[PDB]
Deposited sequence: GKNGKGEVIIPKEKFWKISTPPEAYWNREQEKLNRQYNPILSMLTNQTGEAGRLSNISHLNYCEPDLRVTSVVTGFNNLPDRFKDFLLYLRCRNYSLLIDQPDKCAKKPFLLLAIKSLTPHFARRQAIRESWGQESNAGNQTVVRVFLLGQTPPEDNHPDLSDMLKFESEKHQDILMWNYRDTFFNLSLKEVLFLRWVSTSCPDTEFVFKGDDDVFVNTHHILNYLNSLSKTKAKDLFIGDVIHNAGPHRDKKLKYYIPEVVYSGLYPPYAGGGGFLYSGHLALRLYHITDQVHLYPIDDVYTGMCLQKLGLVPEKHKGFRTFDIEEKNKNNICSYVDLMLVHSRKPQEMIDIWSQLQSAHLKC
């Protein structure tokens, strides 16, 4: 498989044409990937531009972490998702300073360019960024298969602009997160379990989906074998110290079309295994418990909820029993 063979080459370089800033189309893939011409467009773009990751930040918040945070909330989003971001601001993503444990929030965006037929929402996004001061936007095409790029550029921003946050929560903009429970959990940790914390909805021994109709389909010609253990499904929680170690190792791992698999590949290279926490309810909760606020007291996150549902749950949680 192509990714496996290219990654083996990387392994030989680090453990005896750039893979990091070559940003012309890599036309060699049209010769060496069998059946390249019949691959879906997302795979063609992924393969042609694999070796380019030096994209610039167009909208930054460089002093976001001027007061060293206890918890950084970093939420993946797309330009048009205004209601999702605003509901997060008002509910579980509120910034705070309780107990002098500061919580800060950023949203992680790429471009939604006109060539992909996106409406031009640059005026609204600028208004939102000036009002709320929490948008980070980079100059790459925001797509599902560039989410591992979103991951690497975010880790690069943690390294440059938020290196001292004690913990990081990285998650999606359609999950409900019980941030109080997350904070209670983090404050229970020993110094030892904290320095390399990485928890979430972790699966072992998964492999690529081979059914061409599935969202996470990966052809055999792109990747072979099984996936490393990885946390997926909507969000995960880890230490800022480990964030720096993860950023440093990203140069040694080729980007991958599925972001959460990529993060698992970086952890494996560090010799770490992410740990499952049952409070990450990435397949929702039982239908019978969905209208009982007590079901939300004992979890970390649940996928998926609409903007109004996030605000409704958060408001009810504040008076739970």
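Would you list the gaps, meaning deposited-sequence stretches without C-alpha coordinates, in the order they occur? Missing CA coords at 1 to 23, 40 to 56, 362 to 364.
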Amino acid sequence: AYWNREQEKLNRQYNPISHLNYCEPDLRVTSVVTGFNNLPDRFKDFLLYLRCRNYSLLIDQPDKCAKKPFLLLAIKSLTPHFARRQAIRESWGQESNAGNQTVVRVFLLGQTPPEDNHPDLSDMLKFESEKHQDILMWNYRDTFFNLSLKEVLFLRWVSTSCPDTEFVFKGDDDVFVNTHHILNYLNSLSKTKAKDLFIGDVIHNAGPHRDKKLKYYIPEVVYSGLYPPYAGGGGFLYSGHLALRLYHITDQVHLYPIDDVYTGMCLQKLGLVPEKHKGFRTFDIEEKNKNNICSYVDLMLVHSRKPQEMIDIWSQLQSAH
From here on, numbers count along this sequence of modelled residues.
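Under this definition, the rigid core comprises the largest set of C-alpha atoms superposing within 1.5 Å between the forms.
Report the stretch with the higher root mean square CA deviation, pooled over structures and residues in 8 other deposited structures of this protein, choosing between 199 to 207 and 225 to 233 after a rigid core fit. Clearly, after the core fit, the stretch farther away in 8 other deposited structures of this protein is 225 to 233.
Greater Cα displacement in 8 other deposited structures of this protein once the core is superposed, comparing 278 to 286 with 58 to 66: Looking at 278 to 286 and 58 to 66 in 8 other deposited structures of this protein, the bigger mover is 278 to 286.
Comparing average C-alpha B factors as deposited, tell me which of 93 to 101 and 162 to 170 sits higher. Result: 93 to 101.
On average, which has the higher Cα B-factor in the deposited entry, 209 to 217 or 173 to 181? Higher mean C-alpha B-factor: 209 to 217.
Based on the PDB record, which member of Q252, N292, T263, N54 exhibits the highest Cα temperature factor? Among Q252, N292, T263, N54, the PDB entry lists the largest C-alpha B-factor for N292.
Name the residue from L58, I258, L27, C65 with the greatest C-alpha temperature factor listed in the entry. Going by the entry's C-alpha B-factors, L27 comes out highest.
Relative to the other modelled residues of the same chain, rank the CA B-factor of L226 and answer lowest, middle or highest third. Within its chain, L226 is a highest-third residue by C-alpha B-factor, going by the deposited values.
Going by the entry, which third of its chain does the Cα temperature factor of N187 land in? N187: CA B-factor falls in the middle third of its chain.
For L242, the third of its chain into which the C-alpha B factor falls: For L242, whose C-alpha B-factor we compare with every modelled residue in the chain, the answer is the middle third.
Lowest, middle or highest third: which one holds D201 when the chain's residues are ordered by CA B-factor from the entry? Middle third.
Taking the chain's C-alpha temperature factors as the reference, tell me which third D142 falls into: lowest, middle or highest. It falls in the bottom third of the chain.
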